[PDB]
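Per-entry structural report
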Amino acid sequence: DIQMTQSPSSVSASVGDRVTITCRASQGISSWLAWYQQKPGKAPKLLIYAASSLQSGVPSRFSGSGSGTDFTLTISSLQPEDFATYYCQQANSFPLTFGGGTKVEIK
Amino acid sequence: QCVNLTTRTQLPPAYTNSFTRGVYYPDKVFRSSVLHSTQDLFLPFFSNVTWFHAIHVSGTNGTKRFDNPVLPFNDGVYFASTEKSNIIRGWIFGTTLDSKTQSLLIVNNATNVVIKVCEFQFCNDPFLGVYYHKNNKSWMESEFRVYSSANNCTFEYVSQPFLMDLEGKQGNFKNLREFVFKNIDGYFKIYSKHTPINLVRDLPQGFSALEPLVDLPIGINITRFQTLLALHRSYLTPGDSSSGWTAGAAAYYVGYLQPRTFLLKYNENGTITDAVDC
Amino acid sequence: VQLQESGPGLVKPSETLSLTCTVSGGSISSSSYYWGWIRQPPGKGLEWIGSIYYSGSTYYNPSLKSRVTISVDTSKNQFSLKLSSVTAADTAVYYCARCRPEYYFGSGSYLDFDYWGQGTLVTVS
Ligand SMILES: *[C@@H]1O[C@H](CO)[C@@H](O[C@@H]2O[C@H](CO)[C@@H](O)[C@H](O)[C@H]2NC(C)=O)[C@H](O)[C@H]1NC(C)=O
Ligand SMILES: *[C@@H]1O[C@H](CO)[C@@H](O[C@@H]2O[C@H](CO)[C@@H](O)[C@H](O)[C@H]2NC(C)=O)[C@H](O)[C@H]1NC(C)=O
Ligand SMILES: *[C@@H]1O[C@H](CO)[C@@H](O)[C@H](O)[C@H]1NC(C)=O
Ligand SMILES: *[C@@H]1O[C@H](CO)[C@@H](O)[C@H](O)[C@H]1NC(C)=O
Ligand SMILES: *[C@@H]1O[C@H](CO)[C@@H](O)[C@H](O)[C@H]1NC(C)=O
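Residues numbered from 1 in each chain as written, not as in the entry; some residues may be left out. Chains lettered and ligands numbered in written order. Heavy atoms only, no water.

Method information in the entry identifies cryo-EM as the source of the structure, with 3.7 Å recorded as the resolution.

For chain C, the PDB entry supplies the name PVI.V6-14 Fab heavy chain, variable region and the organism Homo sapiens. Its PDB record names the entry "SARS-CoV-2 Spike in complex with PVI.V6-14 Fab".

By the naming in the PDB entry, chain B goes by Spike protein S1 and is assigned to Severe acute respiratory syndrome coronavirus 2.

Here it is, written out as structure tokens:
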């Protein structure tokens, strides 16, 4: 019985800018969360685990902070290969739940 | 609160030879296709290591063993464990294991891994336990008796929740886990490795390389350490507490470290293929 | 390490939906990890349907729990997901998954997914 809302939707940006996404919870999860990226026509790939970390060799222009009821994600700069939908997921209770996703496009 | 359990049998320990194993990366630099000579604390090749069991049998005479004695630390520890299920959980480190001095605790309790550095008062026989229910066909867990007084804690680390099996099978061992513990400067250093096996008894002969896992700034004084295990408890072990319980099936081996010089051989990617001592 | 989901194409209303996940590069038995299935309908949305462990201990999503079963064939590296009955809104794209392992001890998987595979499409009517 964990519900989430992802507030930004369809953000537009240029090549060099700063963009930010917020994912809100409803329960009191404690610093456990996950972020996902989905390029069109593929399967999702993981980007950030736990509150704030990074796996594999994802470029270090991806970083987010954390808290107990609010969360965020921000990227320092864009490249023509950064155009997708991002997702937030919880890692606390048995009924796993996913977010509505947010779309980032380059203008 | 905790209790003493007393239905043990008696027997002296044993010794088993360690083959060419127990090597680890000694620094942070990257090399390839070289022969490098190093001076450091290592475990000598072909050295005695000590054997400890946890096995229970019935039918023929009486043989119940459950060993977790207090052992010295000296300069460092090499630890190896062979199990069919999850029977070893963690460790307590300290110098007096009482209320007059600090101690270090590493524990797994099937939901979270806990690392603490704190003042405690451990009692004689620390152990964790499980229960087998017939109506459920489920292996639910409820037992924790490791201490009775904790205060003035400095470091605390509680990790992300996970799931794990507690079933308990029979047959041949199918896992091997090795750890190396070192305490230098004001730092505690832990190295680890895992590998699959299909043996029935004794330590494999081969070669493996260990990689760094955890570095903790603590600053305690360490002279002795002890192990924590898990025991079963069901409808087929009647009686009362301190006299009703059964053991699983597991074993472990311990060895110490000495100042040596080694000639390591790197590969063309950065893996230690073999090694030689003098 | 590498996966390749497989299954049928056009289906019929209120029938059993077949599926198969052939693990490549990893021993399905020589492990202590978990496996799972994930669904995405066309448009927007993600949902987690079920997770399994070799040698029993199955779990199921609280929503749409009546008609879902999961099985593993330990002889090979294969597992399957069965839906006894389907509706007109069950069409989506389905994915296999692997649960990320524990770091300090081994023998344990967290509640997060990595190392997915390509997905197939199942229609309705
Ligand atoms: C368990 O056995 C010990 C063996 O002596 C009992 O005695 C205690 O031993 C601890 C040492 O770890 C001392 O700190 C206590 O002061 C001892 N107590 C007494 C009364 O001598 C111990 O009491 C036993 N535990 C029980 C019966 O719960
Ligand atoms: C395993 O040990 C951990 C130690 O932290 C337990 O975690 C705490 O459990 C209590 C029990 O109600 C909770 O109130 C705390 O909030 C938990 N700590 C944190 C940081 O969340 C855990 O419950 C233990 N699990 C079992 C099965 O014994
Ligand atoms: C190992 O210990 C045994 C008895 O404890 C002893 O006989 C043997 O010589 C030892 N091995 C050495 C010292 O290499
Ligand atoms: C296990 O058994 C207990 C005691 O009968 C019961 O309350 C519980 O529902 C059973 N199932 C579990 C814990 O999943
Ligand atoms: C640790 O404590 C013991 C307690 O007797 C003491 O003798 C020793 O000098 C201390 N330091 C070290 C490095 O052992």
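1. Some remarks on the UniProt feature "disulfide bond" in chain B
Residue and element names in this part refer to chain B. Test applied: Counting rule for disulfides: a pair of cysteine sulfur atoms within 2.5 Å. UniProt positions are given in the numbering used here, feature names are shortened, and annotations may be inferred rather than shown by experiment. Only DSSP runs of H or I reaching four residues or more are called helices, and only runs of E reaching two or more are called strands; each is numbered from the N terminus.
The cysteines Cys2 and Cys123 that UniProt joins by a disulfide are bonded here; their SG atoms are 2.0 Å apart. Of the two residues, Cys2 sits in the segment before β1 (14–18) while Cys123 sits in strand β11 (residues 122–129), which places them 121 residues apart along the sequence. Judged by the 2.5 Å criterion, the disulfide between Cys118 and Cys153 that UniProt reports is present, the sulfurs being 2.1 Å apart. Of this pair, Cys118 sits in strand β10 (residues 113–119) while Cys153 sits in strand β13 (residues 151–158), placing them 35 residues apart in sequence.

2. Thoughts on the pattern of salt bridges
Residue and element names in this part refer to chain B. The criterion, for reference: Criterion for a salt bridge: a side-chain nitrogen of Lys or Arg within 4 Å of a carboxyl oxygen of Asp or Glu. Only protein chains enter the accessibility calculation, which uses a 1.4 Å probe; a residue whose area is less than 20% of its type maximum is buried, one above 50% is exposed, and one in between is partly exposed.
In total, this model carries 14 salt bridges over all chains according to the counting rule given. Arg8 is paired through a salt bridge with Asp125; the nearest N and O atoms lie 3.8 Å apart. Here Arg8, found in the segment before β1, pairs with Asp125, found in strand β11; they are 117 residues apart in sequence, far enough to count as distant. Its relative accessible area of 35% is what places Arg8 among the partly exposed residues. A salt bridge links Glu141 to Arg89; the shortest N-O distance between them is 3.7 Å. Of the two residues, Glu141 is situated in the loop between β11 and β12 (145–147) and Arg89 in strand β8 (residues 88–94); the sequence distance between them amounts to 52 residues. In terms of burial, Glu141 and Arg89 fall into one category: buried.

3. Focus: the interface of chain C and chain A
Interfaces are often sized by the accessible area lost when the parts come together. Here is the rule: The contact criterion used throughout is that any non-hydrogen atoms of two residues lie within 4.5 Å. By convention, the term buried area covers the 1.4 Å-probe accessible surface removed from two parts as they join, with the contributions of both added. Whenever a nitrogen or oxygen atom comes within 3.5 Å of another N or O atom, the pair is scored as a polar contact, on the condition that within protein one atom can donate a hydrogen and the other can accept it, and that pairs from neighbouring residues in sequence are kept only if both atoms are in side chains. Ten residue types, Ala, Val, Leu, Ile, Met, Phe, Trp, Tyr, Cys and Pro, are classed as nonpolar, four, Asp, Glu, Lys and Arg, as charged, and the remainder, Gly among them, as polar.
Counting residues at the interface gives 15 residues for chain C, matched by 20 residues for chain A. Considering only the surface of chain C that becomes buried against chain A, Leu46, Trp48 and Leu111 of chain C emerge as the three largest contributors, covering 35% of it. Between the two partners, chain C and chain A, sit three residue pairs in polar contact. For the side of chain C that touches chain A, the element with the most residues is strand β9 (residues 109–114) of chain C, which contributes four residues. In the side of chain C that touches chain A, the residues fall into nine nonpolar, two polar and four charged.

4. Side note on the site of ligand 5
Residues and elements named next belong to chain B. The condition is simple: Whether a residue is near a molecule or strand depends on its heavy atoms: it is near if one of them lies within 4 Å of it. Values of accessible area rely on a 1.4 Å probe in the Shrake-Rupley scheme; residue burial ignores everything except the protein chains shown.
Taken together, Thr95, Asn221 and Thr223 make up the full set of residues near ligand 5. In the model, an oxygen atom of ligand 5 is placed 3.4 Å from a nitrogen or oxygen of the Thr95 side chain. Coverage of ligand 5 by the protein amounts to 25% of the 350 Å² it exposes when considered alone.

5. Focus: the site of ligand 2
Residues and elements named next belong to chain B. In the neighbourhood of ligand 2, the contacting residues comprise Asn109, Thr111, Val114 and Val158. One of the side-chain nitrogen or oxygen atoms of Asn109 is found 2.4 Å away from an oxygen atom of ligand 2. Between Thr111 and ligand 2, the recorded distance is 3.5 Å, taken from a side-chain N or O atom to a nitrogen atom. Compared with its free state, where it exposes 580 Å², ligand 2 has 33% of that area covered by protein. Class assignment of the residues belonging to the shell around ligand 2 gives a composition of two nonpolar, two polar and no charged.

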